[PDB]
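J.: One structure follows; several queries about it will come next.
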Ligand SMILES: *[C@@H]1O[C@H](CO)[C@@H](O[C@@H]2O[C@H](CO)[C@@H](O[C@@H]3O[C@H](CO)[C@@H](O)[C@H](O[C@H]4O[C@H](CO)[C@@H](O)[C@H](O)[C@@H]4O)[C@@H]3O)[C@H](O)[C@H]2NC(C)=O)[C@H](O)[C@H]1NC(C)=O
Ligand SMILES: *[C@@H]1O[C@H](CO)[C@@H](O[C@@H]2O[C@H](CO)[C@@H](O[C@@H]3O[C@H](CO)[C@@H](O)[C@H](O)[C@@H]3O)[C@H](O)[C@H]2NC(C)=O)[C@H](O)[C@H]1NC(C)=O
Ligand SMILES: *[C@@H]1O[C@H](CO)[C@@H](O[C@@H]2O[C@H](CO)[C@@H](O)[C@H](O)[C@H]2NC(C)=O)[C@H](O)[C@H]1NC(C)=O
Ligand SMILES: *[C@@H]1O[C@H](CO)[C@@H](O[C@@H]2O[C@H](CO)[C@@H](O)[C@H](O)[C@H]2NC(C)=O)[C@H](O)[C@H]1NC(C)=O
Ligand SMILES: *[C@@H]1O[C@H](CO)[C@@H](O[C@@H]2O[C@H](CO)[C@@H](O)[C@H](O)[C@H]2NC(C)=O)[C@H](O)[C@H]1NC(C)=O
Ligand SMILES: *[C@@H]1O[C@H](CO)[C@@H](O)[C@H](O)[C@H]1NC(C)=O
Ligand SMILES: *[C@@H]1O[C@H](CO)[C@@H](O)[C@H](O)[C@H]1NC(C)=O
Ligand SMILES: *[C@@H]1O[C@H](CO)[C@@H](O)[C@H](O)[C@H]1NC(C)=O
Ligand SMILES: *[C@@H]1O[C@H](CO)[C@@H](O)[C@H](O)[C@H]1NC(C)=O
């Protein structure tokens, strides 16, 4: 009874899921690192294991990032890692020679003790590239000097191979704007032109004598957007670079490139998207020429579905598999696998649907061409989980679940990765149990062995109370939505508990999920006897498009009304205390958390909001415009979704606004603007701001934040 | 209902009504603002004219008014935007006193403009205005303007207006130009910030993409503004002559801490070395540029009040100035000096006209037609200020004027004499709710009263509003006041909470007869908290000896005193050691912080606004004055900081309030503090106001007071 979960535990190194950082190399050798922190080669044939790196990635300035060369003769360490946006990190690199020790500084020519925007490795051999001053550099091997592939790079204006903010956070959802041809002969990359894009300033108060902060291109709602070209260079000899032109329909009009991928060692598929995000064009490009052939096109009456989807091919290209929406009847559309048959030049490709039901095919993992099978992740088995399924491409059109019996009750939510010949696959658990990675043979899920058990962490949460989350199911409109109630160790049916209602932090995400998670609220629960509640309302993703697009043009309108009807039901329970009800949400969820805190009725005694996005006119183009469309251009519906005007009350409501000053996603401006109206409106509120922090606070401050929130919620909830 | 509540202080009943009195002739005084009306008064006939009416509303809430010399026009400032402290930037309009019609005041080619400065001249209707750091001149309402300087460059080269360092630290006002008595000539400062490092004031609250400014702000030991003093003639050619520095200062770092006209040609410019230990009074013939060394000063610590303005013979045979005199043990005090000017470089016999342990604060006037000179002095009492006259040529006698005005109701004064000195304005400011009055010189018949602050008087009358017991403490060889402001109903029995308020800038005086009403008065009345002020060493206006006890030990001394004062406070029966709180802002936030460390924890909670937390991060001319140069000559700078060795603030409940746009104490100070405070794991609470200054706007304001009030009241329970 004195073995329960305290905040500083979450920072204990016992917890903190240990990720195997598994990676394929041959169809034999998997490079998964990090059991004890050791990088390891494993031959799945012989079981033979080699120690590549040891507890060394300490010794060189706390190297936080590791990558093993293709030829397995070297390791690339990143140390001095500095955050930038989300996936963007800028650090210094070093090269450990796997066979003998000796480490090199990785520097651009003429430059010493340097800092790089990106490093990684290539595909063939020991080749690697690194980005510096927004220019791409290439080293054919450890031997040779580097080769600057682009001179066009200009700091904070023209980017090469790395994403500017808009492309990283919104469009691409990763900072890697370049891609390697399968044979390492060729490199495709994005040239992003921010010349005309308006810039926002991230201030720095904490530096030297006179601190100076940066200014980056950040197009706001309806603003000038980054123009962008897609080039391709050949890494052998001449380095002739060819721009791959857009589809003729998009030529001259505003557009984004939301994906590109290699199919052959020459052809690539670049998905183009209009600024409005209602029109998709899949193009296939011959890189030796620049021949660009319209292949498939899509449209929406609201906004286009997952834009990063990557199609699988015949490796010749006779056929290819992709996921698209199918009307499915009433109950809306669901993403299902498509059979498109590419031919004969000859536009037109026959489409055959390989899947259907009310559930989604999330990702298409692999196509095993030697047989009749294709592999994917699906909610079929259950909307709350994810499972690994195979269907037979050519054939009966049948379907079968693989992951279903792995843990039974202990793994309901998966992800997986197949070897390059698809002969076997890695199965990440992430399920209700403390996550476990495992390596199976394809044709025979004998489960073989287990790569990572997260052992220490398992026994850690075992000791602690750690209850089971009752799940109620609500009917809103025509839908059925999950309400997850996480309840204190000892639960009297009798008493009146305090209720924390946590918001989904970005739209189209899924709160209630079998995915294992441990975090602050778990502490709020156990100590402090608070029940935390999550409810996935309309707009929450991963069930149908119909729930997902219920948000279009009404933002904060719908999600809020649902969150409230969910509190309503919550309210009619005996064991929750209407007197003490609190809300929490961050980012966008801070936005909705705020909308909920206005005049409808006051169901909340106190609530706390972190990096709240408070006015959509002030948020990023590709985000606002997606849901609300263009601003003063076509719509004043933008005035409607704001926290800023009409603050008309937050009454006895106790409000806590937490914001990072250096935040690059939700600018501090959002809370500044809010706080301003909040004063002129005469509303009781309390704020905590972290000088020079981001949307995600550093390790230093973070604990302080949790402590803050924890104290806040626990204290206000007291009777 | 009959005690003082916060929102009263914002009630327009309160808010001292300032007459904004101003002389014109030796007859007509222009004091405005009784009902908000601008008024001419003929002190001969009593005749009053209404110049302006309840119109300075109608034109966009005009916040600022000035009447032309010839009394035919009024200059309104509206759209007033704060800049630093005295610096305001607004749009101007010209009301024609005789016939209403109003003009836009614009630089040529510019429409609906915004100006850095306007005011008026001396002779006639002439006026000048500053735009893009250039000086413009209008000989009259008729004529087009005349650009007197093209050298102006935004936030780099300033003309006639002070950059931050000169406004806040050196000059203590933003007016860098001065008019010759006859309006023939204009002297002004050219401030060159080219090489001075710049600090950024961020703006989060603006339009789509807010952009904040960046101004030259030399920090401790940094590059400083270079500056020249030119003079232009406002008639014809506009030949402009630079007035060269003293030869000794030539080529070395220096400030100009004052300039004033003496004749319609000669000026006295006081020069100061960067170190602030050497003064040179120079007198300059403007038609030539002849610059003659007159008097020089030195200190072993730092030079005394630098804005002192000397009075002359109007010929220049003699002149009066205030300087320190050794006075014996007990230190030095500023007393009036008789310097006799006669031919060439230096000499000039010095005769001291005053002495004792007390100071001559300001020398107001010299009546040349008789044997008298006029000044303000602490003679009558260190806590007050009185208006004294001494006989220059003669017995060397002294007599107090203000002594019997209010007896017990006015002990603290200031005054202004008419141009011929024939009669004077006496501002009360004393213990009673301030009252301005107009007296005849040779006969203080008190004549009449200009401003009674009537409504305000009856306002505080109704409310409880107690009397401040004053204890006197012995520290070292000195005797220092401790003012205890006590709740309406005071039991000798109970244990009260104690708020200890800090003096906000060094060399100021907390305990003073000067009337004041503010938040703490509310803290007192409602919430039964006793607020305490104690003027320790370094506090000004008694001797230099108390004042300079700070040199090179900053936060060292003031703190030890503030504590020994808490000690004594602690031994009282009726104060509760359990509940003790501290408050201080700006610099006082600095000391408030030093007190909150390790010595012992005598405080349960304390609150700090725009704390200056590291002197290396404060302004050059401030830090360097007390602590001298930085890594240049001293690491004693490491000593005075809050930043390292936050070693504890224990159960201490701390509230840090800071404006984001603050241009005096940068937000950096609290950012820096807050940083260490987290890595040190200390419990603290913060409230920051986006886009506010060192002085919060009206909007936020109230919210701040509420905060502080709640904080202090709640923690003390
Ligand atoms: C405010 O102060 C600044 C700094 O003192 C001042 O800028 C400088 O002004 C002087 C004016 O003469 C310049 O001095 C030189 O004049 C002759 C031209 O005949 C040249 O020989 C010089 O060549 C170089 O001198 C410097 C040597 O390092 C260089 O830094 C400089 O950029 C020249 O290349 C030079 O022209 C001087 O150039 C500037 N720059 C600086 C930083 O001193 C400015 O004029 C002042 N504003 C006013 C009106 O007071
Ligand atoms: C990214 O976009 C910027 C937008 O500013 C591009 O800058 C553009 O550069 C071109 C040529 O450098 C400019 O054209 C001009 O034409 C005249 C006539 O010959 C010539 O005198 C100028 O020197 C210049 O060449 C153009 O005005 C300018 N602006 C625009 C709107 O494009 C930049 O080229 C782009 N970068 C890349 C590599 O895509
Ligand atoms: C470096 O890795 C080795 C194993 O490769 C670790 O050595 C173990 O240390 C633990 C202490 O936690 C001992 O209980 C074991 O006996 C050691 N060996 C084995 C086989 O586990 C070592 O912990 C690693 N260094 C760290 C912690 O960074
Ligand atoms: C995709 O959405 C955009 C919204 O930006 C549509 O934009 C058109 O813009 C004009 C501008 O005046 C409007 O008059 C039209 O009504 C809009 N068309 C609509 C509503 O669709 C764009 O046409 C859309 N296209 C598709 C394929 O849906
Ligand atoms: C005024 O004080 C400053 C220092 O506060 C003196 O500056 C001198 O600076 C040099 C720099 O290396 C030192 O070596 C000297 O010790 C300083 N002189 C001293 C002791 O004062 C400056 O000389 C002082 N001048 C006067 C007139 O007192
Ligand atoms: C290698 O190790 C694993 C560990 O359980 C085992 O399952 C596997 O059978 C071994 N190798 C073989 C026989 O394939
Ligand atoms: C704000 O809070 C303070 C104290 O909690 C309270 O005195 C005041 O009534 C509140 N203001 C309003 C109008 O709610
Ligand atoms: C205008 O003055 C009159 C009397 O002179 C007064 O009653 C009135 O209050 C004044 N102005 C305003 C702001 O009402
Ligand atoms: C004007 O009135 C004042 C106020 O009572 C009085 O002192 C003065 O003698 C009067 N002067 C004349 C000349 O009317």
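Since chain B takes its numbers from Swiss-Prot, the residues it shows come out as 66-782.
Including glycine, each Cβ sits where the backbone N, Cα and C put it.
Sharing the record's features from Swiss-Prot:
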- B:90: N-linked glycosylation site (CARBOHYD)
- B:111: N-linked glycosylation site (CARBOHYD)
- B:119: N-linked glycosylation site (CARBOHYD)
- B:138: phosphotyrosine (MOD_RES)
- B:143: phosphotyrosine (MOD_RES)
- B:257: N-linked glycosylation site (CARBOHYD)
- B:342: N-linked glycosylation site (CARBOHYD)
- B:748: N-linked glycosylation site (CARBOHYD)
J.: Reduced to three states, what secondary structure does DSSP give residue B:143 (phosphotyrosine)?
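T.: Residue B:143 (phosphotyrosine) sits in a strand per DSSP.
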J.: Tell me, how many other CB atoms lie within 10 A of the CB of residue B:119 (N-linked glycosylation site), whichever protein chain they belong to?
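T.: Total other Cβ atoms inside 10 Å, all chains included: 9.
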J.: Counting only residues 6+ apart in the same chain, whose Cβ is under 8 Å from the Cβ of residue B:111 (N-linked glycosylation site)?
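T.: In sequence order there is nothing to list, since no residue at least 6 apart has its Cβ under 8 Å from residue B:111 (N-linked glycosylation site).
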J.: Given B:90, B:119, B:138, B:257 as the recorded positions, which ones have a Cβ positioned under 6 Å from some atom of ligand 8?
T.: B:119
J.: Per residue, counting other C-beta atoms within 10 angstroms of the C-beta, which of the modified residues B:138, B:143 reaches the highest number?
T.: B:138
J.: Which recorded positions, if any, among B:90, B:111, B:119, B:138, B:257, B:342 have a Cβ under 6 Å from ligand 9, given in order along the chain?
T.: B:111
J.: Where does residue B:138 (phosphotyrosine) sit by DSSP, helix, strand or coil?
T.: strand
J.: What is the total of other Cβ atoms whose distance to the Cβ of residue B:90 (N-linked glycosylation site) is within 10 Å?
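T.: There are 16 such Cβ atoms around residue B:90 (N-linked glycosylation site).
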J.: Mind giving me a neighbour count for residue B:257 (N-linked glycosylation site)? Other Cβ atoms within 10 Å of its Cβ, every protein chain shown.
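T.: Summing over all protein chains shown, residue B:257 (N-linked glycosylation site) has 17 other Cβ atoms within 10 Å.
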J.: Report the nearest neighbour of residue B:119 (N-linked glycosylation site) in space among the recorded positions B:138, B:342, B:748, comparing Cα positions.
T.: B:138
J.: Output, ordered by sequence, the same-chain residues six or more apart from residue B:748 (N-linked glycosylation site) with a CB under 8 Å from its CB, or 'none'.
T.: B:714, B:717, B:718, B:719
J.: Work out how many Å separate residue B:143 (phosphotyrosine) and residue B:257 (N-linked glycosylation site) at their Cα atoms, rounded off.
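T.: About 29 Å separate the Cα atoms of these two residues.
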J.: Ligand 5 is in the model; which of the recorded positions B:90, B:143, B:748 have a C-beta less than 6 angstroms from one of its atoms?
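T.: None, as no Cβ falls under 6 Å.
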J.: Rounded to the nearest Å, what's the C-alpha distance separating residue B:257 (N-linked glycosylation site) and residue B:90 (N-linked glycosylation site)? Just drop the number here, would you?
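T.: A Cα-Cα distance of 38 Å.
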J.: Return only the integer: C-alpha distance in Å from residue B:342 (N-linked glycosylation site) to residue B:90 (N-linked glycosylation site).
T.: 41
